[PDB]
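Engineer: My structure is below; once you've seen it, I'll send some questions.
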Amino acid sequence: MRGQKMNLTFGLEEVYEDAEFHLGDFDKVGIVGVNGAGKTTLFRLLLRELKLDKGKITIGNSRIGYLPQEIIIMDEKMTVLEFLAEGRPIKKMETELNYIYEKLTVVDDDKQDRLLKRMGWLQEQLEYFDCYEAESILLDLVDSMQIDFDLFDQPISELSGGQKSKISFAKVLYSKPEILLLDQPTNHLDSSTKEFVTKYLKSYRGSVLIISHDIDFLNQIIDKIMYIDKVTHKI
Amino acid sequence: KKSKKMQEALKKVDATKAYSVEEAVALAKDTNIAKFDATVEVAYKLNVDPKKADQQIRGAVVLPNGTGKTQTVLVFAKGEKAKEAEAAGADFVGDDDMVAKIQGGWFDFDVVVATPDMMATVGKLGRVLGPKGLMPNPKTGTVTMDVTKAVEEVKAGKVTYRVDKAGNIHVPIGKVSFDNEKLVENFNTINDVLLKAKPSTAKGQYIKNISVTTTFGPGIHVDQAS
Amino acid sequence: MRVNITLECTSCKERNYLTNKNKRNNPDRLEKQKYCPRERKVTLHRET
RNA sequence: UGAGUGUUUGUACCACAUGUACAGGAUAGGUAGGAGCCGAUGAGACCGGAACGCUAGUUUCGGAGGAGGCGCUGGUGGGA
Ligand SMILES: Nc1ncnc2c1ncn2[C@@H]1O[C@H](COP(=O)(O)OP(=O)(O)OP(=O)(O)O)[C@@H](O)[C@H]1O
Ligand SMILES: [Mg+2]
Ligand SMILES: [Zn+2]
């Protein structure tokens with residue numbers, strides 16, 4: 001992860017001004033800054049959701065596990081299992097793959113080449129995200145934070161703030177990512193739940209960037225601390 | 001720790017020296033002390049990393065000398081495609097209803113091939129095939145407009161190669177019954193298909209190590225140029 | 001704060017017009033319907 | 001502008017050890033081969049010591065004894 005001459009200005013109030021940063025691999029980086037400093041904005045640049053007005057932001061090709069600061073509930077009626085299942089692209093590809101089979105029957109000798117290639121990738125991609133996860137996720141809840149299965153069938157919007165944070169954190173781990181971008185992973189957690197998160201992040205072998213306002217939580221995990229300045233607009 | 005037969009085979013083999021193809025095949029034939037028609041397999045450790053979507057490789061290659069073991073063929077067809085399978089003499093010929101019987105019946109068939117239209121109906125059964133790996137795939141050629149080509153290739157000894165997670169791809173070239181020259185020809189066919197399958201994003205040397213081995217014998221490293 | 005800006009045709013990405021705007025009064029990127037000489041027709045030009 | 005010693009280190013071979021989620025008979029790392037495999041060159045069962053351990057068992061060394069087991073097979077599981 002590297003950024004050069006970073007510039008970003010929403011209207012008249014600027015966020016980054018010629019900012020730069022280089023993060024080595026396998027660094028548990030603790031991102032710190034006052035509210036509005038632009039910590040969440042940095043991840044949006046990494047996720048390519050935002051584009052710098054000027055400068056280059058460089059990200060590795062590895063898959064990124066992103067834990068948003070706010071829970072993303074697309075629909076009120078979504079169940080916890082549906083929310084968690086959306087972490088993996090198994091369902092999305094299967095719906096596409098099912099359609100590919102439909103196209104193959106309709107089209108005889110025109111689009112077969114395109115359809116056959118698309119089918120092959122989906123199967124190979126599906127196997128890469130081994131479809132055995134259906135059982136693993138069910139037991140990932142048990143071993144992660146003692147999340148009861150009664151919640152598993154309950155609408156996500158009805159969960160408590162602490163419960164929602166557990167679900168969102170599990171979803172990130174469920175995706176099996178390569179780089180962890182955690183934006184306040186313990187916002188609502190209680191003392192007991194924080195212990196599990198701390199231990200997992202200590203053990204996590206890969207790179208993990210953590211945006212947190214909990215000094216004690218970071219100190220146990222962080223080896224490198226990145227400070228986003230609000231007045232100098234630098235890193 | 002090691003059987004005496006394996007020890008003598010190891011002493012025959014030189015770990016330091018990566019033999020040529022001819023010496024390696026002959027040396028493997030010598031090392032398979034076990035008195036059964038063992039199959040000779042070649043393992044390539046490609047530099048490519050499967051975790052990248054493009055890097056992973058999965059295809060099929062026909063061996064002129066074959067694998068030394070006849071392979072049972074299952075075909076899924078309807079109409080003229082069914083007649084093609086019958087003309088090819090496919091071991092098993094079935095349809096959408098017969099897939100359920102194939103589930104739990106006629107099992108142990110070496111390979112499964114389905115027509116492009118049958119794939120949609122076959123897919124339900126294919127999910128079961130998935131873990132077995134029999135499910136036809138377009139890239140391997142199991143899914144073709146003509147099943148006769150697939151059947152004749154299977155009889156000749158077509159082998160499907162798929163890179164493992166660690167980046168090592170294994171394939172049987174033939175039986176110890178086959179002469180060392182025939183085995184070396186099969187190895188060359190395997191080598192050519194792998195080189196043609198080398199992906200674009202790959203870099204550096206394509207193969208980190210090429211090892212030929214019999215079911216009983218240890219590994220023998222083979223010179224890449226040979 | 002008033003600054004000069006460039007308006008680029010959203011179709012052909014051609015930097016066609018030069019103008020200026022007060023950032024405070026118009027925080028968001030300006031957009032106008034202006035003639036694009038390359039495409040020789042009116043198109044949406046957005047500030048960059 | 002060359003010799004050694006020692007220490008802390010990075011790389012690379014070579015030795016070893018570990019692989020416990022659910023179910024599953026149970027400590028299931030992945031892939032390929034796999035009907036045969038191993039053992040008087042000392043097998044099973046047994047006794048102790050040691051290591052692991054998620055405490056369930058796993059691995060290993062030794063003491064005696066002397067010839068047996070394991071696999072395929074079987075259901076489980078996504079995976080035997
Ligand atoms: N589309 C936008 N339009 C206008 N202003 C914006 C926009 N996006 C961000 N800003 C401003 O950027 C500033 C910093 O961005 P950001 O939301 O990432 O801060 P933050 O450090 O993540 O906040 P916190 O740490 O409290 O969660 C915000 O104060 C916000 O007001
Ligand atoms: Mg924020
Ligand atoms: Zn234009």
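FYI, nothing fancy with the structure tokens labels: chains A, B, ... in order, residues from 1 per chain, ligands from 1 as they appear.
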May I have the residues within 12 Å of ligand 2, computed using only C-alpha atoms (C1' of nucleotides) and all ligand atoms, as number ranges by chain?
Structural biologist: A: 31-44, 67-70, 182-185, 187, 210-213, 228
Engineer: Compile the contact shell of segment 62-72 of chain D as number ranges by chain: residues with an atom at most 7 Å away, counting only C-alpha atoms (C1' of nucleotides), same-chain residues fewer than 4 positions apart removed.
Structural biologist: D: 35, 37, 43-44, 49
Engineer: Contacts of residue 13 of chain C at 12 Å or less, counting only C-alpha atoms (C1' of nucleotides), minus same-chain residues fewer than 3 places along, as a list in words?
Structural biologist: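 Contacts, in chain order: residues 6, 7, 8, 9, 10, 16, 17, 36, 38, 39, 43, 44, 45, 46, 47 and 48 of chain C.
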Engineer: Could the residues in this selection be written to a file with C-alpha atoms, as a PDB file, in the first residue's frame?
Structural biologist:
```pdb
ATOM      1  CA  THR C   6     -11.787  24.200 -17.024  1.00  0.00           C
ATOM      2  CA  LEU C   7     -15.002  22.703 -18.393  1.00  0.00           C
ATOM      3  CA  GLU C   8     -14.500  19.412 -20.232  1.00  0.00           C
ATOM      4  CA  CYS C   9     -16.985  17.761 -22.571  1.00  0.00           C
ATOM      5  CA  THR C  10     -18.299  14.643 -20.862  1.00  0.00           C
ATOM      6  CA  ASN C  16     -13.101  22.916 -24.283  1.00  0.00           C
ATOM      7  CA  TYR C  17     -13.968  25.959 -22.155  1.00  0.00           C
ATOM      8  CA  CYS C  36     -18.364  21.068 -28.317  1.00  0.00           C
ATOM      9  CA  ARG C  38     -14.907  18.531 -31.845  1.00  0.00           C
ATOM     10  CA  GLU C  39     -18.349  16.891 -31.848  1.00  0.00           C
ATOM     11  CA  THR C  43     -23.136  18.558 -24.816  1.00  0.00           C
ATOM     12  CA  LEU C  44     -22.809  18.441 -21.042  1.00  0.00           C
ATOM     13  CA  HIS C  45     -19.525  19.980 -19.893  1.00  0.00           C
ATOM     14  CA  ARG C  46     -18.453  19.292 -16.311  1.00  0.00           C
ATOM     15  CA  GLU C  47     -15.683  20.941 -14.321  1.00  0.00           C
ATOM     16  CA  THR C  48     -12.599  18.850 -13.593  1.00  0.00           C
TER      17      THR C  48
END
```
Engineer: Got a sec to pull out which chain B residues are within 10 Å of chain D, counting only C-alpha atoms (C1' of nucleotides), and send them as a short mmCIF file (atom, residue, chain, number, x, y, z; two decimals) with N, CA and C atoms, in the first residue's frame?
Structural biologist:
```cif
data_model
loop_
_atom_site.label_atom_id
_atom_site.label_comp_id
_atom_site.auth_asym_id
_atom_site.auth_seq_id
_atom_site.Cartn_x
_atom_site.Cartn_y
_atom_site.Cartn_z
N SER B 3 11.88 -49.53 3.22
CA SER B 3 12.02 -50.90 2.74
C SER B 3 13.30 -51.06 1.94
N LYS B 4 13.83 -52.28 1.93
CA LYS B 4 15.09 -52.53 1.22
C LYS B 4 14.92 -52.28 -0.27
N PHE B 36 3.78 -55.11 -9.72
CA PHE B 36 2.46 -54.88 -10.28
C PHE B 36 2.57 -53.82 -11.36
N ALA B 38 2.35 -50.87 -12.23
CA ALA B 38 2.20 -49.54 -11.67
C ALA B 38 2.07 -48.50 -12.78
N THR B 39 1.36 -47.42 -12.47
CA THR B 39 1.22 -46.30 -13.39
C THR B 39 2.29 -45.26 -13.10
N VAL B 40 2.92 -44.76 -14.16
CA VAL B 40 3.96 -43.75 -14.05
C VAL B 40 3.33 -42.38 -14.17
N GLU B 41 3.60 -41.51 -13.20
CA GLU B 41 3.01 -40.18 -13.17
C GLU B 41 4.11 -39.12 -13.09
N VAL B 42 3.82 -37.98 -13.71
CA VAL B 42 4.73 -36.84 -13.76
C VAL B 42 4.08 -35.69 -13.00
N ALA B 43 4.87 -35.02 -12.16
CA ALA B 43 4.39 -33.88 -11.40
C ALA B 43 5.24 -32.66 -11.74
N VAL B 128 -23.35 -32.87 -7.49
CA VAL B 128 -22.83 -34.07 -6.84
C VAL B 128 -21.51 -34.48 -7.48
N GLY B 130 -19.31 -32.54 -8.72
CA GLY B 130 -18.32 -31.56 -8.35
C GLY B 130 -17.24 -32.10 -7.43
N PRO B 131 -17.63 -32.52 -6.23
CA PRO B 131 -16.63 -33.12 -5.32
C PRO B 131 -15.95 -34.34 -5.91
N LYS B 132 -16.66 -35.14 -6.70
CA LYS B 132 -16.02 -36.24 -7.40
C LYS B 132 -15.13 -35.76 -8.54
N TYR B 161 -5.87 -32.62 -16.69
CA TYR B 161 -4.87 -32.07 -15.78
C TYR B 161 -5.41 -30.81 -15.12
N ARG B 162 -5.28 -30.73 -13.79
CA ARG B 162 -5.71 -29.56 -13.04
C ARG B 162 -4.68 -29.22 -11.98
N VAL B 163 -4.20 -27.98 -12.00
CA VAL B 163 -3.17 -27.55 -11.06
C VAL B 163 -3.73 -27.58 -9.65
N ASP B 164 -2.97 -28.16 -8.72
CA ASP B 164 -3.38 -28.22 -7.33
C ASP B 164 -3.17 -26.86 -6.66
N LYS B 165 -3.62 -26.77 -5.40
CA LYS B 165 -3.57 -25.50 -4.69
C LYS B 165 -2.13 -25.01 -4.53
N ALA B 166 -1.21 -25.92 -4.20
CA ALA B 166 0.18 -25.55 -3.99
C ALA B 166 0.89 -25.18 -5.28
N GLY B 167 0.27 -25.42 -6.44
CA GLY B 167 0.90 -25.16 -7.71
C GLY B 167 1.52 -26.37 -8.38
N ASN B 168 1.26 -27.57 -7.87
CA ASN B 168 1.79 -28.80 -8.45
C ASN B 168 0.69 -29.52 -9.21
N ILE B 169 0.98 -29.89 -10.45
CA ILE B 169 0.03 -30.58 -11.32
C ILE B 169 0.59 -31.95 -11.64
N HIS B 170 -0.21 -32.99 -11.40
CA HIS B 170 0.18 -34.37 -11.60
C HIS B 170 -0.63 -34.99 -12.73
N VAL B 171 0.00 -35.90 -13.47
CA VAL B 171 -0.68 -36.63 -14.53
C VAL B 171 0.00 -37.97 -14.78
N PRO B 172 -0.74 -39.06 -14.94
CA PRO B 172 -0.11 -40.34 -15.31
C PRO B 172 0.19 -40.38 -16.81
N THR B 213 7.63 -40.31 -11.30
CA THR B 213 7.63 -41.29 -10.23
C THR B 213 6.61 -42.38 -10.52
N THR B 214 6.95 -43.60 -10.15
CA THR B 214 6.02 -44.72 -10.17
C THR B 214 5.27 -44.79 -8.84
N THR B 215 4.17 -45.55 -8.84
CA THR B 215 3.35 -45.65 -7.64
C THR B 215 4.17 -46.12 -6.45
N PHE B 216 5.09 -47.06 -6.67
CA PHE B 216 5.93 -47.57 -5.59
C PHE B 216 7.23 -46.79 -5.44
#
```
Engineer: Just to confirm, what's the straight-line distance from atom CA of residue 62 of chain A to atom CA of residue 175 of chain A in Å (one decimal)?
Structural biologist: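 Rounded to one decimal, the two atoms are 13.0 Å apart.
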Engineer: Name the residues in contact with residue 19 of chain A at a cut-off of 8 Å, using only C-alpha atoms (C1' of nucleotides), excluding same-chain residues fewer than 2 positions from it; report them as number ranges by chain.
Structural biologist: A: 3-7, 16-17, 21, 233-235
Engineer: May I ask you to extract the residues of chain A within 7 Å of chain B, using only C-alpha atoms, and to give them as an mmCIF file with N, CA, C and O atoms, in the first residue's frame?
Structural biologist:
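Everything below was put into part21.cif:
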```cif
data_model
loop_
_atom_site.group_PDB
_atom_site.id
_atom_site.type_symbol
_atom_site.label_atom_id
_atom_site.label_comp_id
_atom_site.auth_asym_id
_atom_site.auth_seq_id
_atom_site.Cartn_x
_atom_site.Cartn_y
_atom_site.Cartn_z
ATOM 1 N N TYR A 101 -26.473 -21.231 -18.217
ATOM 2 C CA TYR A 101 -27.051 -22.463 -18.743
ATOM 3 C C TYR A 101 -28.296 -22.167 -19.566
ATOM 4 O O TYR A 101 -28.516 -22.778 -20.618
ATOM 5 N N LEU A 104 -27.317 -20.991 -22.969
ATOM 6 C CA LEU A 104 -26.774 -22.061 -23.799
ATOM 7 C C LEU A 104 -27.875 -22.801 -24.550
ATOM 8 O O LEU A 104 -27.706 -23.159 -25.721
ATOM 9 N N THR A 105 -29.009 -23.044 -23.890
ATOM 10 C CA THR A 105 -30.124 -23.710 -24.556
ATOM 11 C C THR A 105 -30.733 -22.833 -25.644
ATOM 12 O O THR A 105 -31.025 -23.316 -26.744
ATOM 13 N N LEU A 116 -19.458 -20.368 -23.015
ATOM 14 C CA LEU A 116 -18.622 -21.440 -22.482
ATOM 15 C C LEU A 116 -17.488 -20.886 -21.629
ATOM 16 O O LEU A 116 -17.189 -21.420 -20.555
ATOM 17 N N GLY A 120 -16.991 -21.566 -17.595
ATOM 18 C CA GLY A 120 -15.775 -22.147 -17.049
ATOM 19 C C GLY A 120 -15.205 -21.329 -15.907
ATOM 20 O O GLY A 120 -14.822 -21.871 -14.867
#
```
Engineer: Would you please work out which residue, of C:4, C:19, C:25, C:33, is nearest to ligand 3 when using only C-alpha atoms and all ligand atoms?
Structural biologist: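 Among C:4, C:19, C:25, C:33, it is C:33 that comes nearest to ligand 3.
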Engineer: Which residue gives the smallest distance to ligand 1 among A:56, A:230, A:224, A:188, with only C-alpha atoms and all ligand atoms counted?
Structural biologist: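 The shortest atom-to-atom distance to ligand 1 comes from A:230.
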Engineer: In Å to one decimal, how far is atom CA of residue 225 of chain A from atom CA of residue 58 of chain A?
Structural biologist: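 The value is 19.0 Å.
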Engineer: Residues near residue 133 of chain A, anyone? I mean within 10 Å using only C-alpha atoms (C1' of nucleotides), not counting same-chain ones fewer than 6 positions away, as an MDAnalysis selection string.
Structural biologist: (chainID A and resid 85 88 90 139:140 174:175) or (chainID D and resid 78)
Engineer: Go through chain A residue by residue and, counting only C-alpha atoms (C1' of nucleotides), keep those with an atom at most 12 Å from chain D; for each kept residue give the shortest atom pair and its distance in Å to one decimal, ordered by chain and increasing number, as CSV.
Structural biologist:
```
residue,atom,partner,partner_atom,distance
A:127,CA,D:78,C1',10.7
A:129,CA,D:78,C1',11.9
A:130,CA,D:78,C1',8.2
A:131,CA,D:78,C1',7.3
A:132,CA,D:78,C1',4.9
A:133,CA,D:78,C1',8.6
A:134,CA,D:78,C1',9.4
A:135,CA,D:22,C1',6.9
A:136,CA,D:21,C1',7.2
A:137,CA,D:21,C1',9.9
A:138,CA,D:22,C1',8.8
A:139,CA,D:21,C1',6.8
A:140,CA,D:21,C1',7.8
A:141,CA,D:21,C1',10.8
A:142,CA,D:21,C1',9.6
A:143,CA,D:21,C1',8.0
A:144,CA,D:21,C1',10.9
```
Engineer: Just want the 12 Å neighbourhood of residue 82 of chain A, counted on only C-alpha atoms (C1' of nucleotides), with same-chain residues fewer than 2 positions away dropped. Output as a PDB file with N, CA, C and O atoms, in the first residue's frame.
Structural biologist:
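Generated file (result08.pdb):
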```pdb
ATOM      1  N   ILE A  73     -27.188  -2.311   5.662  1.00  0.00           N
ATOM      2  CA  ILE A  73     -28.396  -3.125   5.636  1.00  0.00           C
ATOM      3  C   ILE A  73     -29.166  -2.724   4.384  1.00  0.00           C
ATOM      4  O   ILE A  73     -29.885  -1.719   4.377  1.00  0.00           O
ATOM      5  N   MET A  74     -29.019  -3.515   3.320  1.00  0.00           N
ATOM      6  CA  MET A  74     -29.632  -3.153   2.048  1.00  0.00           C
ATOM      7  C   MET A  74     -31.149  -3.122   2.166  1.00  0.00           C
ATOM      8  O   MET A  74     -31.801  -2.208   1.647  1.00  0.00           O
ATOM      9  N   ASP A  75     -31.731  -4.108   2.846  1.00  0.00           N
ATOM     10  CA  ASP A  75     -33.166  -4.167   3.061  1.00  0.00           C
ATOM     11  C   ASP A  75     -33.456  -4.492   4.518  1.00  0.00           C
ATOM     12  O   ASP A  75     -32.708  -5.223   5.172  1.00  0.00           O
ATOM     13  N   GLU A  76     -34.564  -3.940   5.018  1.00  0.00           N
ATOM     14  CA  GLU A  76     -34.915  -4.121   6.422  1.00  0.00           C
ATOM     15  C   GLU A  76     -35.199  -5.580   6.744  1.00  0.00           C
ATOM     16  O   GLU A  76     -34.907  -6.040   7.855  1.00  0.00           O
ATOM     17  N   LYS A  77     -35.762  -6.325   5.793  1.00  0.00           N
ATOM     18  CA  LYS A  77     -36.180  -7.698   6.033  1.00  0.00           C
ATOM     19  C   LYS A  77     -35.046  -8.703   5.892  1.00  0.00           C
ATOM     20  O   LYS A  77     -35.278  -9.900   6.087  1.00  0.00           O
ATOM     21  N   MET A  78     -33.838  -8.257   5.561  1.00  0.00           N
ATOM     22  CA  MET A  78     -32.720  -9.177   5.430  1.00  0.00           C
ATOM     23  C   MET A  78     -32.488  -9.920   6.741  1.00  0.00           C
ATOM     24  O   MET A  78     -32.493  -9.325   7.822  1.00  0.00           O
ATOM     25  N   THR A  79     -32.287 -11.226   6.638  1.00  0.00           N
ATOM     26  CA  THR A  79     -32.005 -12.055   7.798  1.00  0.00           C
ATOM     27  C   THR A  79     -30.503 -12.082   8.058  1.00  0.00           C
ATOM     28  O   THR A  79     -29.691 -11.800   7.175  1.00  0.00           O
ATOM     29  N   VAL A  80     -30.137 -12.427   9.294  1.00  0.00           N
ATOM     30  CA  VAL A  80     -28.722 -12.483   9.644  1.00  0.00           C
ATOM     31  C   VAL A  80     -27.995 -13.455   8.726  1.00  0.00           C
ATOM     32  O   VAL A  80     -26.885 -13.176   8.254  1.00  0.00           O
ATOM     33  N   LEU A  84     -24.872 -12.540   6.347  1.00  0.00           N
ATOM     34  CA  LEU A  84     -23.592 -13.235   6.408  1.00  0.00           C
ATOM     35  C   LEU A  84     -23.285 -13.931   5.090  1.00  0.00           C
ATOM     36  O   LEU A  84     -22.150 -13.881   4.601  1.00  0.00           O
ATOM     37  N   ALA A  85     -24.285 -14.587   4.498  1.00  0.00           N
ATOM     38  CA  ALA A  85     -24.048 -15.313   3.256  1.00  0.00           C
ATOM     39  C   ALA A  85     -23.574 -14.377   2.157  1.00  0.00           C
ATOM     40  O   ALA A  85     -22.813 -14.790   1.274  1.00  0.00           O
ATOM     41  N   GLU A  86     -24.007 -13.117   2.191  1.00  0.00           N
ATOM     42  CA  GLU A  86     -23.582 -12.146   1.194  1.00  0.00           C
ATOM     43  C   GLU A  86     -22.092 -11.844   1.273  1.00  0.00           C
ATOM     44  O   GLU A  86     -21.547 -11.254   0.335  1.00  0.00           O
ATOM     45  N   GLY A  87     -21.424 -12.238   2.357  1.00  0.00           N
ATOM     46  CA  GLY A  87     -19.986 -12.045   2.435  1.00  0.00           C
ATOM     47  C   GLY A  87     -19.240 -12.770   1.333  1.00  0.00           C
ATOM     48  O   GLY A  87     -18.277 -12.243   0.772  1.00  0.00           O
ATOM     49  N   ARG A  88     -19.674 -13.991   1.007  1.00  0.00           N
ATOM     50  CA  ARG A  88     -19.018 -14.766  -0.031  1.00  0.00           C
ATOM     51  C   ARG A  88     -19.752 -14.607  -1.361  1.00  0.00           C
ATOM     52  O   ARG A  88     -20.975 -14.440  -1.383  1.00  0.00           O
ATOM     53  N   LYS A  91     -23.327 -17.114  -3.876  1.00  0.00           N
ATOM     54  CA  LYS A  91     -24.691 -16.960  -4.368  1.00  0.00           C
ATOM     55  C   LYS A  91     -24.725 -16.148  -5.656  1.00  0.00           C
ATOM     56  O   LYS A  91     -25.454 -16.492  -6.592  1.00  0.00           O
ATOM     57  N   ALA A 134     -21.006 -23.494   3.320  1.00  0.00           N
ATOM     58  CA  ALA A 134     -22.328 -23.514   3.936  1.00  0.00           C
ATOM     59  C   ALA A 134     -22.269 -24.093   5.341  1.00  0.00           C
ATOM     60  O   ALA A 134     -22.955 -23.610   6.249  1.00  0.00           O
ATOM     61  N   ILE A 137     -19.583 -21.673   7.743  1.00  0.00           N
ATOM     62  CA  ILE A 137     -20.144 -20.441   8.291  1.00  0.00           C
ATOM     63  C   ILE A 137     -21.006 -20.745   9.509  1.00  0.00           C
ATOM     64  O   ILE A 137     -20.936 -20.048  10.529  1.00  0.00           O
ATOM     65  N   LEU A 151     -30.523 -15.983  16.750  1.00  0.00           N
ATOM     66  CA  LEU A 151     -30.259 -14.775  15.976  1.00  0.00           C
ATOM     67  C   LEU A 151     -30.084 -15.088  14.496  1.00  0.00           C
ATOM     68  O   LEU A 151     -30.356 -14.235  13.644  1.00  0.00           O
ATOM     69  N   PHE A 152     -29.636 -16.303  14.175  1.00  0.00           N
ATOM     70  CA  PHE A 152     -29.294 -16.631  12.796  1.00  0.00           C
ATOM     71  C   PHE A 152     -30.493 -16.501  11.867  1.00  0.00           C
ATOM     72  O   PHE A 152     -30.325 -16.249  10.670  1.00  0.00           O
ATOM     73  N   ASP A 153     -31.705 -16.671  12.395  1.00  0.00           N
ATOM     74  CA  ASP A 153     -32.925 -16.573  11.606  1.00  0.00           C
ATOM     75  C   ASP A 153     -33.688 -15.279  11.863  1.00  0.00           C
ATOM     76  O   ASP A 153     -34.832 -15.147  11.416  1.00  0.00           O
ATOM     77  N   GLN A 154     -33.083 -14.323  12.561  1.00  0.00           N
ATOM     78  CA  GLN A 154     -33.761 -13.096  12.939  1.00  0.00           C
ATOM     79  C   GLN A 154     -33.379 -11.961  11.994  1.00  0.00           C
ATOM     80  O   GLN A 154     -32.253 -11.923  11.488  1.00  0.00           O
ATOM     81  N   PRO A 155     -34.286 -11.022  11.720  1.00  0.00           N
ATOM     82  CA  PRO A 155     -33.910  -9.873  10.890  1.00  0.00           C
ATOM     83  C   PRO A 155     -32.739  -9.118  11.500  1.00  0.00           C
ATOM     84  O   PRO A 155     -32.663  -8.922  12.715  1.00  0.00           O
ATOM     85  N   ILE A 156     -31.819  -8.689  10.636  1.00  0.00           N
ATOM     86  CA  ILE A 156     -30.603  -8.039  11.113  1.00  0.00           C
ATOM     87  C   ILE A 156     -30.928  -6.688  11.736  1.00  0.00           C
ATOM     88  O   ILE A 156     -30.315  -6.285  12.732  1.00  0.00           O
ATOM     89  N   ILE A 167     -21.922  -9.583  14.080  1.00  0.00           N
ATOM     90  CA  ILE A 167     -22.289 -10.149  12.785  1.00  0.00           C
ATOM     91  C   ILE A 167     -21.401  -9.571  11.691  1.00  0.00           C
ATOM     92  O   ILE A 167     -20.858 -10.300  10.854  1.00  0.00           O
ATOM     93  N   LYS A 171     -18.765 -11.526   9.300  1.00  0.00           N
ATOM     94  CA  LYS A 171     -18.890 -11.498   7.847  1.00  0.00           C
ATOM     95  C   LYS A 171     -17.548 -11.210   7.187  1.00  0.00           C
ATOM     96  O   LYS A 171     -17.206 -11.822   6.168  1.00  0.00           O
TER      97      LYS A 171
END
```
Engineer: Quick check, in Å to one decimal: how far apart do atom CA of residue 124 of chain B and atom CA of residue 93 of chain A lie?
Structural biologist: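 Atom CA of residue 93 of chain A lies 15.6 Å from atom CA of residue 124 of chain B.
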Engineer: What's around residue 160 of chain B at 7 Å? Count only C-alpha atoms (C1' of nucleotides), leave out sequence neighbours fewer than 6 positions away in its own chain, and write the answer as a list in words.
Structural biologist: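 In the requested format, the answer is residues 59, 60, 61 and 140 of chain B.
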Engineer: Apply DSSP to the backbone of this structure and, from chain C, keep only the residues in strand (DSSP E); write these as a PyMOL selection string.
Structural biologist: chain C and resi 2-9+15-22+31-36+41-47
Engineer: Of the candidates C:26, C:42, C:35, C:11, which one gets nearest to ligand 3 if we count only C-alpha atoms and all ligand atoms?
Structural biologist: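 Comparing C:26, C:42, C:35, C:11 against ligand 3, the winner is C:11.
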Engineer: Could you tell me which residues of chain A sit within 12 Å of chain C when counting only C-alpha atoms, and give me the result as a VMD selection string?
Structural biologist: chain A and resid 9 to 14 52 to 54
